[PDB]
Protein chains: 6
Amino acid sequence: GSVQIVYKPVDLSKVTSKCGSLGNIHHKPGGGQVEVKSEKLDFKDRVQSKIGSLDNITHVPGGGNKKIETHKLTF
Amino acid sequence: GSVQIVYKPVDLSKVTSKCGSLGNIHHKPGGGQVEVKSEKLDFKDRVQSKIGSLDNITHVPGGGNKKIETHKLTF
Amino acid sequence: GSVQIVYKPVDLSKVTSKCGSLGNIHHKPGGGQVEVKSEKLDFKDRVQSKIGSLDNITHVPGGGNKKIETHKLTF
Amino acid sequence: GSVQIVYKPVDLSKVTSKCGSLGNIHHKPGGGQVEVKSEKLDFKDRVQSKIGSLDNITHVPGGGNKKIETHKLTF
Amino acid sequence: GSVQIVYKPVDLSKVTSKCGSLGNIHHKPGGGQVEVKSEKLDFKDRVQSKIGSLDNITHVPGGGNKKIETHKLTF
Amino acid sequence: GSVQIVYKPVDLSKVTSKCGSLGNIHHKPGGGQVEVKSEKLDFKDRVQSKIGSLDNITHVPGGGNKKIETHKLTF
(Lines give C-alpha, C1' and ligand atoms only; values in the text may rest on other atoms or scores of the structure.)
Protein backbone atom coordinates (compact mmCIF):
# COMPACT_ATOMS: atom_id res chain seq x y z
CA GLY A 1 0.00 0.00 0.00
CA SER A 2 0.86 3.73 0.30
CA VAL A 3 0.18 6.68 2.67
CA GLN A 4 -0.90 10.24 1.89
CA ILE A 5 -1.54 13.29 4.13
CA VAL A 6 -3.11 16.53 2.81
CA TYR A 7 -3.03 19.03 5.68
CA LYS A 8 -4.83 22.32 4.86
CA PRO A 9 -6.42 24.10 7.88
CA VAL A 10 -7.69 27.49 6.60
CA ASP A 11 -8.15 30.34 9.09
CA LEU A 12 -10.35 33.31 8.07
CA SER A 13 -11.08 34.38 11.70
CA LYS A 14 -11.26 37.96 12.95
CA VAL A 15 -10.18 38.71 16.54
CA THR A 16 -11.38 42.28 17.11
CA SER A 17 -11.55 44.64 20.07
CA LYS A 18 -13.40 48.01 19.94
CA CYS A 19 -12.75 49.77 23.25
CA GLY A 20 -13.36 53.34 24.47
CA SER A 21 -15.65 55.72 22.52
CA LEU A 22 -16.52 54.71 18.92
CA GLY A 23 -19.03 56.41 16.55
CA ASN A 24 -20.73 58.69 19.17
CA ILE A 25 -22.32 62.14 18.57
CA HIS A 26 -21.58 64.89 21.14
CA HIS A 27 -23.64 67.86 19.94
CA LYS A 28 -22.95 71.04 22.01
CA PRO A 29 -21.98 69.30 25.34
CA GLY A 30 -21.72 72.18 27.84
CA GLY A 31 -19.64 72.25 31.00
CA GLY A 32 -21.15 74.90 33.34
CA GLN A 33 -19.15 77.57 35.21
CA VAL A 34 -16.80 76.10 37.89
CA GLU A 35 -15.61 78.06 40.94
CA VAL A 36 -13.33 76.72 43.71
CA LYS A 37 -12.50 78.92 46.74
CA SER A 38 -10.07 77.54 49.35
CA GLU A 39 -8.31 79.08 52.37
CA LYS A 40 -6.37 78.06 55.54
CA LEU A 41 -6.20 74.36 54.46
CA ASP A 42 -3.33 72.32 56.01
CA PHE A 43 -1.96 69.10 54.40
CA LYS A 44 0.40 66.50 56.02
CA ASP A 45 -0.31 64.12 53.09
CA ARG A 46 0.07 63.99 49.26
CA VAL A 47 -2.35 66.17 47.25
CA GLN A 48 -3.68 65.42 43.75
CA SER A 49 -6.35 67.89 42.54
CA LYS A 50 -8.21 68.32 39.25
CA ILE A 51 -10.61 71.16 38.37
CA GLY A 52 -12.46 71.63 35.06
CA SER A 53 -15.79 72.36 33.34
CA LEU A 54 -15.87 69.53 30.74
CA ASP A 55 -13.64 66.42 31.00
CA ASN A 56 -14.27 64.18 27.93
CA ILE A 57 -11.83 61.48 29.06
CA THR A 58 -11.42 58.11 27.27
CA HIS A 59 -9.18 55.58 29.19
CA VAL A 60 -8.34 52.06 27.83
CA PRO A 61 -5.94 49.72 29.73
CA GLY A 62 -7.88 46.80 28.12
CA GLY A 63 -8.81 45.75 24.57
CA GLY A 64 -5.55 43.76 24.09
CA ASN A 65 -5.68 40.54 21.97
CA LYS A 66 -3.83 37.19 22.30
CA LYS A 67 -3.94 34.57 19.46
CA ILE A 68 -1.94 31.29 19.78
CA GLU A 69 -1.75 28.52 17.17
CA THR A 70 0.17 25.28 17.66
CA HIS A 71 0.38 23.06 14.57
CA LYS A 72 2.08 19.64 14.95
CA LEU A 73 2.15 16.85 12.35
CA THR A 74 4.21 13.68 13.19
CA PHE A 75 4.78 10.70 10.85
CA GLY B 1 5.16 1.42 -0.72
CA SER B 2 5.50 5.26 -0.60
CA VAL B 3 4.67 8.31 1.59
CA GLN B 4 3.43 11.77 0.55
CA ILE B 5 2.85 14.77 2.88
CA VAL B 6 1.28 17.91 1.32
CA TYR B 7 1.19 20.62 4.01
CA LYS B 8 -0.43 24.02 3.32
CA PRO B 9 -1.99 25.65 6.44
CA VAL B 10 -3.38 29.05 5.31
CA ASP B 11 -3.86 31.99 7.67
CA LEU B 12 -5.90 34.94 6.32
CA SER B 13 -7.06 35.99 9.84
CA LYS B 14 -7.12 39.55 11.20
CA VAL B 15 -6.09 40.45 14.77
CA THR B 16 -7.30 44.04 15.27
CA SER B 17 -7.52 46.47 18.16
CA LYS B 18 -9.42 49.79 17.96
CA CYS B 19 -8.81 51.56 21.25
CA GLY B 20 -9.45 55.13 22.41
CA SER B 21 -11.71 57.53 20.46
CA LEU B 22 -12.62 56.49 16.87
CA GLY B 23 -15.05 58.15 14.40
CA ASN B 24 -16.86 60.36 17.01
CA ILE B 25 -18.39 63.82 16.30
CA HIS B 26 -17.68 66.61 18.83
CA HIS B 27 -19.74 69.54 17.56
CA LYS B 28 -19.09 72.77 19.56
CA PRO B 29 -18.12 71.07 22.90
CA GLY B 30 -17.85 73.97 25.37
CA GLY B 31 -15.95 74.00 28.63
CA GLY B 32 -17.41 76.89 30.70
CA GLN B 33 -15.46 79.44 32.76
CA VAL B 34 -13.14 78.08 35.52
CA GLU B 35 -12.03 80.09 38.58
CA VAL B 36 -9.71 78.84 41.36
CA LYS B 37 -8.93 81.11 44.36
CA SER B 38 -6.52 79.82 47.01
CA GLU B 39 -4.84 81.44 50.03
CA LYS B 40 -2.79 80.59 53.17
CA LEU B 41 -2.69 76.87 52.14
CA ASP B 42 0.12 74.78 53.74
CA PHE B 43 1.52 71.56 52.13
CA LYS B 44 4.08 69.08 53.69
CA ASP B 45 4.23 66.34 50.98
CA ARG B 46 4.11 66.19 47.12
CA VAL B 47 1.45 68.26 45.27
CA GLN B 48 -0.03 67.71 41.79
CA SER B 49 -2.68 70.09 40.37
CA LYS B 50 -4.53 70.39 37.03
CA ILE B 51 -6.92 73.22 36.09
CA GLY B 52 -8.75 73.64 32.74
CA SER B 53 -12.08 74.30 31.00
CA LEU B 54 -12.12 71.50 28.36
CA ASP B 55 -9.99 68.33 28.49
CA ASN B 56 -10.32 65.79 25.61
CA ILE B 57 -7.83 63.25 27.01
CA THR B 58 -7.52 59.87 25.24
CA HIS B 59 -5.22 57.47 27.21
CA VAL B 60 -4.41 53.94 25.89
CA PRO B 61 -2.01 51.69 27.86
CA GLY B 62 -3.97 48.80 26.24
CA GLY B 63 -4.88 47.68 22.72
CA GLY B 64 -1.62 45.66 22.34
CA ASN B 65 -1.66 42.45 20.20
CA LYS B 66 0.23 39.12 20.55
CA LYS B 67 0.18 36.47 17.74
CA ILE B 68 2.09 33.15 18.07
CA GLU B 69 2.30 30.45 15.41
CA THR B 70 4.33 27.32 16.09
CA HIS B 71 4.62 24.88 13.15
CA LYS B 72 6.33 21.48 13.53
CA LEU B 73 6.46 18.71 10.89
CA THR B 74 8.49 15.59 11.87
CA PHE B 75 9.07 12.48 9.71
CA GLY C 1 10.00 2.94 -1.97
CA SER C 2 9.92 6.77 -1.73
CA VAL C 3 9.11 9.75 0.56
CA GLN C 4 7.89 13.24 -0.45
CA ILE C 5 7.19 16.42 1.57
CA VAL C 6 5.56 19.52 -0.03
CA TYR C 7 5.56 22.17 2.70
CA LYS C 8 3.96 25.55 1.77
CA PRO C 9 2.39 27.23 4.85
CA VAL C 10 0.87 30.61 3.80
CA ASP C 11 0.39 33.56 6.15
CA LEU C 12 -1.49 36.59 4.72
CA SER C 13 -2.90 37.56 8.17
CA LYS C 14 -2.89 41.13 9.47
CA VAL C 15 -1.99 42.21 13.03
CA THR C 16 -3.23 45.81 13.43
CA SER C 17 -3.54 48.32 16.25
CA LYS C 18 -5.48 51.60 15.97
CA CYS C 19 -4.86 53.37 19.25
CA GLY C 20 -5.47 56.97 20.39
CA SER C 21 -7.79 59.38 18.51
CA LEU C 22 -8.59 58.31 14.88
CA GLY C 23 -11.06 59.82 12.33
CA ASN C 24 -12.94 62.04 14.87
CA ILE C 25 -14.37 65.51 14.04
CA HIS C 26 -13.81 68.33 16.57
CA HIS C 27 -15.86 71.21 15.17
CA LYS C 28 -15.25 74.51 17.05
CA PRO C 29 -14.31 72.98 20.50
CA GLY C 30 -14.24 75.87 23.01
CA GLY C 31 -12.14 76.08 26.14
CA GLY C 32 -13.68 78.87 28.28
CA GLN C 33 -11.81 81.48 30.35
CA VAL C 34 -9.57 80.16 33.18
CA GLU C 35 -8.46 82.23 36.20
CA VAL C 36 -6.16 80.96 38.98
CA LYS C 37 -5.32 83.28 41.94
CA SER C 38 -2.90 82.13 44.64
CA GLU C 39 -1.26 83.85 47.65
CA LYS C 40 0.48 82.93 50.95
CA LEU C 41 0.76 79.25 49.84
CA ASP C 42 3.60 77.25 51.48
CA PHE C 43 5.05 74.01 49.95
CA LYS C 44 7.68 71.75 51.68
CA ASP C 45 7.89 69.06 48.93
CA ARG C 46 7.70 68.79 45.06
CA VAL C 47 4.98 70.65 43.07
CA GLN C 48 3.67 69.77 39.56
CA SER C 49 0.98 72.08 38.08
CA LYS C 50 -0.82 72.51 34.73
CA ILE C 51 -3.27 75.29 33.71
CA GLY C 52 -5.11 75.78 30.35
CA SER C 53 -8.49 76.29 28.58
CA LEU C 54 -8.31 73.40 26.02
CA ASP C 55 -6.21 70.22 26.44
CA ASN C 56 -6.66 67.84 23.45
CA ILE C 57 -4.18 65.24 24.73
CA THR C 58 -3.61 61.79 23.12
CA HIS C 59 -1.33 59.44 25.21
CA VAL C 60 -0.50 55.86 24.03
CA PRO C 61 1.93 53.62 26.03
CA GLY C 62 0.03 50.70 24.41
CA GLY C 63 -0.91 49.60 20.89
CA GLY C 64 2.34 47.57 20.51
CA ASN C 65 2.33 44.36 18.40
CA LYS C 66 4.30 41.11 18.91
CA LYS C 67 4.30 38.40 16.19
CA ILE C 68 6.26 35.13 16.59
CA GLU C 69 6.47 32.37 14.00
CA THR C 70 8.59 29.27 14.60
CA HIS C 71 8.83 26.81 11.67
CA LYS C 72 10.52 23.39 12.14
CA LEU C 73 10.73 20.62 9.53
CA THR C 74 12.71 17.49 10.62
CA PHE C 75 13.44 14.20 8.77
CA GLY D 1 -37.24 125.40 24.33
CA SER D 2 -35.14 122.59 22.76
CA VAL D 3 -35.44 119.11 21.13
CA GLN D 4 -33.21 116.04 21.53
CA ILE D 5 -33.56 112.71 19.64
CA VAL D 6 -31.22 109.86 20.69
CA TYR D 7 -31.84 106.93 18.33
CA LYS D 8 -30.03 103.58 18.84
CA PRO D 9 -32.08 100.53 17.68
CA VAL D 10 -29.96 97.36 18.23
CA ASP D 11 -30.24 94.10 16.32
CA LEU D 12 -28.25 91.11 17.73
CA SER D 13 -30.75 88.59 16.23
CA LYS D 14 -29.98 85.41 14.26
CA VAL D 15 -31.88 84.29 11.15
CA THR D 16 -30.72 80.71 10.54
CA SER D 17 -31.66 77.83 8.24
CA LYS D 18 -30.35 74.26 8.66
CA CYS D 19 -31.61 72.19 5.74
CA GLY D 20 -30.80 68.69 4.47
CA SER D 21 -28.84 66.14 6.54
CA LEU D 22 -27.04 67.60 9.58
CA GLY D 23 -25.01 65.94 12.36
CA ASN D 24 -26.13 62.31 11.61
CA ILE D 25 -24.25 58.98 11.90
CA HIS D 26 -24.78 56.51 9.05
CA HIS D 27 -22.96 53.38 10.28
CA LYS D 28 -22.53 50.59 7.68
CA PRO D 29 -25.62 51.55 5.56
CA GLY D 30 -25.84 48.69 3.04
CA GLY D 31 -27.63 48.74 -0.29
CA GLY D 32 -28.23 45.09 -1.31
CA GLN D 33 -27.73 43.62 -4.80
CA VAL D 34 -29.76 45.06 -7.74
CA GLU D 35 -30.54 43.22 -11.00
CA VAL D 36 -32.55 44.65 -13.95
CA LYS D 37 -33.39 42.47 -17.00
CA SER D 38 -35.30 44.11 -19.88
CA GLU D 39 -36.18 42.96 -23.42
CA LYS D 40 -38.33 43.85 -26.48
CA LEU D 41 -39.52 47.09 -24.75
CA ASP D 42 -40.90 49.81 -27.10
CA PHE D 43 -40.92 53.56 -26.17
CA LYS D 44 -42.57 56.45 -28.18
CA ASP D 45 -41.92 59.46 -25.84
CA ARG D 46 -39.09 60.64 -23.49
CA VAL D 47 -37.49 58.09 -21.10
CA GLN D 48 -35.64 58.71 -17.82
CA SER D 49 -34.18 55.79 -15.80
CA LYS D 50 -32.11 55.50 -12.59
CA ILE D 51 -30.66 52.27 -11.13
CA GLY D 52 -28.53 51.87 -7.98
CA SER D 53 -28.00 49.97 -4.71
CA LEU D 54 -27.55 52.91 -2.28
CA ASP D 55 -28.60 56.54 -2.91
CA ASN D 56 -27.88 59.15 -0.19
CA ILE D 57 -29.47 62.11 -2.03
CA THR D 58 -29.88 65.43 -0.20
CA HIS D 59 -31.82 68.00 -2.31
CA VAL D 60 -32.45 71.54 -0.95
CA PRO D 61 -34.36 74.08 -3.10
CA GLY D 62 -35.40 75.66 0.24
CA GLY D 63 -33.59 77.12 3.27
CA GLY D 64 -33.25 80.63 1.74
CA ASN D 65 -33.36 83.65 4.12
CA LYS D 66 -34.70 87.21 3.61
CA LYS D 67 -34.08 90.08 6.09
CA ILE D 68 -35.49 93.60 5.49
CA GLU D 69 -34.87 96.58 7.76
CA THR D 70 -36.35 99.96 6.85
CA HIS D 71 -35.32 102.87 9.11
CA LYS D 72 -36.86 106.35 8.73
CA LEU D 73 -36.30 109.34 11.05
CA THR D 74 -38.03 112.61 9.98
CA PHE D 75 -37.86 115.97 11.80
CA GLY E 1 -40.36 123.39 28.27
CA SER E 2 -38.26 120.90 26.23
CA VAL E 3 -38.72 117.54 24.41
CA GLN E 4 -36.57 114.41 24.51
CA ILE E 5 -36.85 111.04 22.71
CA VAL E 6 -34.63 108.03 23.59
CA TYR E 7 -35.45 105.30 21.06
CA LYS E 8 -33.66 101.97 21.81
CA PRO E 9 -35.56 98.82 20.69
CA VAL E 10 -33.25 95.80 21.25
CA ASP E 11 -33.65 92.59 19.28
CA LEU E 12 -31.95 89.42 20.63
CA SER E 13 -34.41 87.09 18.80
CA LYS E 14 -33.73 83.91 16.86
CA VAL E 15 -35.60 82.73 13.76
CA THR E 16 -34.39 79.16 13.11
CA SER E 17 -35.49 76.42 10.71
CA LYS E 18 -34.27 72.80 11.08
CA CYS E 19 -35.51 70.78 8.11
CA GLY E 20 -34.68 67.29 6.79
CA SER E 21 -32.75 64.74 8.90
CA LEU E 22 -30.93 66.17 11.97
CA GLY E 23 -29.00 64.33 14.72
CA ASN E 24 -30.12 60.74 13.82
CA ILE E 25 -28.15 57.46 14.09
CA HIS E 26 -28.72 54.94 11.25
CA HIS E 27 -27.02 51.76 12.48
CA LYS E 28 -26.68 49.08 9.76
CA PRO E 29 -29.78 50.01 7.66
CA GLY E 30 -29.95 47.20 5.08
CA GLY E 31 -31.76 47.42 1.75
CA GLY E 32 -32.74 43.89 0.61
CA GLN E 33 -31.99 42.33 -2.80
CA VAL E 34 -33.91 43.91 -5.75
CA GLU E 35 -34.73 42.11 -9.02
CA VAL E 36 -36.76 43.66 -11.87
CA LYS E 37 -37.73 41.59 -14.95
CA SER E 38 -39.60 43.26 -17.84
CA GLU E 39 -40.46 42.15 -21.39
CA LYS E 40 -42.75 43.10 -24.33
CA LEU E 41 -43.88 46.38 -22.63
CA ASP E 42 -45.17 49.11 -25.01
CA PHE E 43 -45.20 52.85 -24.06
CA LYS E 44 -47.03 55.71 -25.91
CA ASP E 45 -46.33 58.01 -22.92
CA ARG E 46 -43.33 59.45 -20.97
CA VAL E 47 -41.46 56.99 -18.71
CA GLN E 48 -39.65 57.86 -15.46
CA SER E 49 -38.32 54.80 -13.57
CA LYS E 50 -36.22 54.39 -10.42
CA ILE E 51 -34.80 51.11 -9.03
CA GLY E 52 -32.70 50.73 -5.84
CA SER E 53 -32.16 48.73 -2.61
CA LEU E 54 -31.75 51.66 -0.13
CA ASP E 55 -32.83 55.23 -0.99
CA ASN E 56 -31.90 57.52 1.96
CA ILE E 57 -33.39 60.64 0.38
CA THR E 58 -33.72 64.02 2.20
CA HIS E 59 -35.76 66.66 0.19
CA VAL E 60 -36.32 70.25 1.53
CA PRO E 61 -38.23 72.85 -0.58
CA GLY E 62 -39.26 74.49 2.74
CA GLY E 63 -37.39 75.85 5.78
CA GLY E 64 -37.03 79.38 4.28
CA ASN E 65 -37.17 82.38 6.70
CA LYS E 66 -38.53 85.94 6.22
CA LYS E 67 -37.87 88.73 8.80
CA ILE E 68 -39.20 92.28 8.14
CA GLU E 69 -38.66 95.30 10.40
CA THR E 70 -40.11 98.74 9.74
CA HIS E 71 -38.87 101.48 12.08
CA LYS E 72 -40.42 104.97 11.71
CA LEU E 73 -39.93 107.94 14.05
CA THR E 74 -41.56 111.30 13.07
CA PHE E 75 -41.19 114.61 14.95
CA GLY F 1 -33.77 127.31 20.92
CA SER F 2 -31.90 124.22 19.59
CA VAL F 3 -32.32 120.79 17.92
CA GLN F 4 -30.09 117.70 18.27
CA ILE F 5 -30.15 114.25 16.60
CA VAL F 6 -27.81 111.40 17.73
CA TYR F 7 -28.47 108.55 15.30
CA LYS F 8 -26.48 105.32 15.93
CA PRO F 9 -28.48 102.23 14.78
CA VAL F 10 -26.50 98.98 15.40
CA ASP F 11 -26.75 95.71 13.48
CA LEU F 12 -24.63 92.81 14.85
CA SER F 13 -27.19 90.21 13.59
CA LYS F 14 -26.35 87.10 11.53
CA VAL F 15 -28.13 85.71 8.44
CA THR F 16 -26.93 82.10 7.96
CA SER F 17 -27.87 79.21 5.68
CA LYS F 18 -26.51 75.66 6.20
CA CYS F 19 -27.78 73.61 3.29
CA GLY F 20 -26.93 70.12 1.99
CA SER F 21 -25.00 67.55 4.08
CA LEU F 22 -23.14 69.11 7.06
CA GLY F 23 -21.18 67.46 9.90
CA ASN F 24 -22.34 63.85 9.20
CA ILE F 25 -20.18 60.67 9.45
CA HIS F 26 -20.77 57.89 6.90
CA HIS F 27 -18.85 54.93 8.34
CA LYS F 28 -18.31 52.20 5.68
CA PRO F 29 -21.41 52.92 3.45
CA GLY F 30 -21.68 49.95 1.05
CA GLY F 31 -23.26 50.02 -2.40
CA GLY F 32 -24.09 46.42 -3.45
CA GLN F 33 -23.54 44.78 -6.85
CA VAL F 34 -25.61 46.26 -9.75
CA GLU F 35 -26.35 44.36 -12.99
CA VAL F 36 -28.35 45.75 -15.96
CA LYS F 37 -29.13 43.56 -19.03
CA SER F 38 -31.00 45.05 -22.00
CA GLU F 39 -31.80 43.80 -25.53
CA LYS F 40 -34.22 44.52 -28.43
CA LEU F 41 -35.26 47.85 -26.81
CA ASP F 42 -36.62 50.51 -29.22
CA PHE F 43 -36.70 54.29 -28.38
CA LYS F 44 -38.33 57.00 -30.61
CA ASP F 45 -37.61 60.01 -28.31
CA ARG F 46 -34.86 61.24 -25.85
CA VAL F 47 -33.28 58.86 -23.28
CA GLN F 48 -31.53 59.84 -20.00
CA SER F 49 -30.09 56.97 -17.88
CA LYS F 50 -27.91 56.61 -14.74
CA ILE F 51 -26.50 53.38 -13.23
CA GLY F 52 -24.34 53.04 -10.03
CA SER F 53 -23.90 51.21 -6.67
CA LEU F 54 -23.39 54.27 -4.38
CA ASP F 55 -24.69 57.79 -5.19
CA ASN F 56 -23.83 60.26 -2.37
CA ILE F 57 -25.38 63.29 -4.11
CA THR F 58 -25.80 66.75 -2.47
CA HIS F 59 -27.81 69.29 -4.63
CA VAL F 60 -28.63 72.85 -3.39
CA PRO F 61 -30.54 75.33 -5.64
CA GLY F 62 -31.58 77.01 -2.35
CA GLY F 63 -29.76 78.44 0.67
CA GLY F 64 -29.40 81.94 -0.91
CA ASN F 65 -29.61 84.96 1.46
CA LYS F 66 -30.98 88.49 0.82
CA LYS F 67 -30.40 91.36 3.29
CA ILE F 68 -31.83 94.84 2.56
CA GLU F 69 -31.27 97.85 4.79
CA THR F 70 -32.67 101.27 3.87
CA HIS F 71 -31.67 104.17 6.18
CA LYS F 72 -33.30 107.62 5.76
CA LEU F 73 -32.73 110.66 8.00
CA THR F 74 -34.57 113.87 6.91
CA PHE F 75 -34.68 117.37 8.49
# chains A, B, ... in the order shown; residues from 1 in each chain; ligands from 1
>>> interface_residues(of="chain E", to="chain F", cutoff="9 Å", atoms="only C-alpha atoms", output="JSON, numbers by chain")
{"E": [8, 11, 12, 23, 33, 52, 53, 54, 61, 64]}
>>> write_last_selection(atoms="N, CA and C atoms", output="JSON list (two decimals), in the first residue's frame")
[["chain", "number", "residue", "atom", "x", "y", "z"],
["E", 8, "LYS", "N", -34.63, 103.07, 21.66],
["E", 8, "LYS", "CA", -33.66, 101.97, 21.81],
["E", 8, "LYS", "C", -34.34, 100.59, 21.80],
["E", 11, "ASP", "N", -33.25, 93.88, 19.79],
["E", 11, "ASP", "CA", -33.65, 92.59, 19.28],
["E", 11, "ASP", "C", -32.55, 91.56, 19.52],
["E", 12, "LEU", "N", -32.83, 90.57, 20.37],
["E", 12, "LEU", "CA", -31.95, 89.42, 20.63],
["E", 12, "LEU", "C", -32.51, 88.14, 19.99],
["E", 23, "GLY", "N", -29.42, 65.05, 13.52],
["E", 23, "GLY", "CA", -29.00, 64.33, 14.72],
["E", 23, "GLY", "C", -29.41, 62.86, 14.86],
["E", 33, "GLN", "N", -32.27, 42.59, -1.39],
["E", 33, "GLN", "CA", -31.99, 42.33, -2.80],
["E", 33, "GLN", "C", -33.16, 42.73, -3.70],
["E", 52, "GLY", "N", -33.79, 50.71, -6.81],
["E", 52, "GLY", "CA", -32.70, 50.73, -5.84],
["E", 52, "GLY", "C", -33.02, 50.08, -4.50],
["E", 53, "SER", "N", -32.02, 49.46, -3.88],
["E", 53, "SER", "CA", -32.16, 48.73, -2.61],
["E", 53, "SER", "C", -32.37, 49.62, -1.39],
["E", 54, "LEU", "N", -31.64, 50.73, -1.26],
["E", 54, "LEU", "CA", -31.75, 51.66, -0.13],
["E", 54, "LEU", "C", -31.64, 53.11, -0.61],
["E", 61, "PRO", "N", -37.77, 71.60, 0.02],
["E", 61, "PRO", "CA", -38.23, 72.85, -0.58],
["E", 61, "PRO", "C", -38.52, 73.96, 0.44],
["E", 64, "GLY", "N", -37.41, 77.98, 4.52],
["E", 64, "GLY", "CA", -37.03, 79.38, 4.28],
["E", 64, "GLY", "C", -37.51, 80.30, 5.40]]
